[PDB]
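Structure 1 and structure 2 below are the same protein chain in two forms, each given by itself as C-alpha cells.
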Structure 1
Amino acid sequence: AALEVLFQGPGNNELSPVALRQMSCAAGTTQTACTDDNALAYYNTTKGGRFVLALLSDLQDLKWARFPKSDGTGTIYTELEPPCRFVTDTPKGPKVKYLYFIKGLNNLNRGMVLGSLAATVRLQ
C-alpha cells in the first residue's frame, strides 16, 4: 500500500522499509456515528498489536474512528485530525478522497505517509 521506513542497524542508522497493510473500519462525526465501514485505515503489524496512522474516506466532517483491540477483546475510538483533501484515480472514475491522520501521530510519520502516497498512488 504505502511503504514507511525505520532506522535499524547497529548504530540505529540503517534504513529498513516497512509496507503498511490496510483494512476497513468505521468512522463518524461522533462515537455513535461510527456504525458502518465508511473508511480505509493504514496500519502497521507490530508486536503490541495493530497501530493506526491515518484514515482514507469519502466524507469530510468525520471526527472519530472505531477499531477492535488486539484479538478484538474490546473497542477503541481515536480522534482524527482535520482532513487532507486530494484526488486519486480510482479505477472507476476519478474520485475525491480525504486523508485523516490519527491525532497524536508524529510529523515524521505524517511525512513518510504522504511522500509514500505522493510516490505510489496517483494524486491530482
Structure 2
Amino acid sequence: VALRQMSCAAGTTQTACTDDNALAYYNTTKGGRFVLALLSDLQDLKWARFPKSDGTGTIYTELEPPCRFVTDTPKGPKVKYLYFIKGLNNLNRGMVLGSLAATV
C-alpha cells in the first residue's frame, strides 16, 4: 500500500506540540493507520502529537534523532529533517526513505 502524508503537530517537548509544523508519513492497513516518520523544517523535534480518532484527547509519539538531507527549491537549497518513529523496523524505514527520495 502506498505511503500517505499528513500535517501534524510536533515539538521539542510534549507541551511544545500545539500547531501543525511537520508532515507525518503513515501507512493504513487492517489495524488502522500507523505513523512511520516525520518530515520537518525544524531540527529539534522530539515528539509528534496526534488528535485521537475518538476525540478523547491526544497521542504523543516518540521520535528518533533526525536524518538531515538537502533539497533544492525555487529559492535554492534547504535542509530538511526526517524523524523515524522510535523503534521503527527496517521495512518501514525503507518505505519512508524510498518515498522521500523518489518524490524529491
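Every residue number counts along structure 1's sequence, beginning with 1. So that the term is clear: the rigid core is the largest set of C-alpha atoms that superpose within 1.5 Å between two forms.
Single mover in 36, 61, 71, 79, with Cα shift of 2 Å or more between structures 1 and 2 when the core is superposed: Single hit from the list, 71.
Core-fitted comparison between structures 1 and 2 - CA shift at residue 92, Å: The alpha-carbon displacement, core-superposed, is 5.4 Å.
Core-referenced Cα shift (Å), residue 50, between structures 1 and 2: Displacement of the C-alpha, rigid core superposed: 1.2 Å.
After superposing on the core, C-alpha shift for residue 113 between structures 1 and 2 in angstrom: Between its two positions, the C-alpha of residue 113 lies 2.3 Å apart after core fitting.
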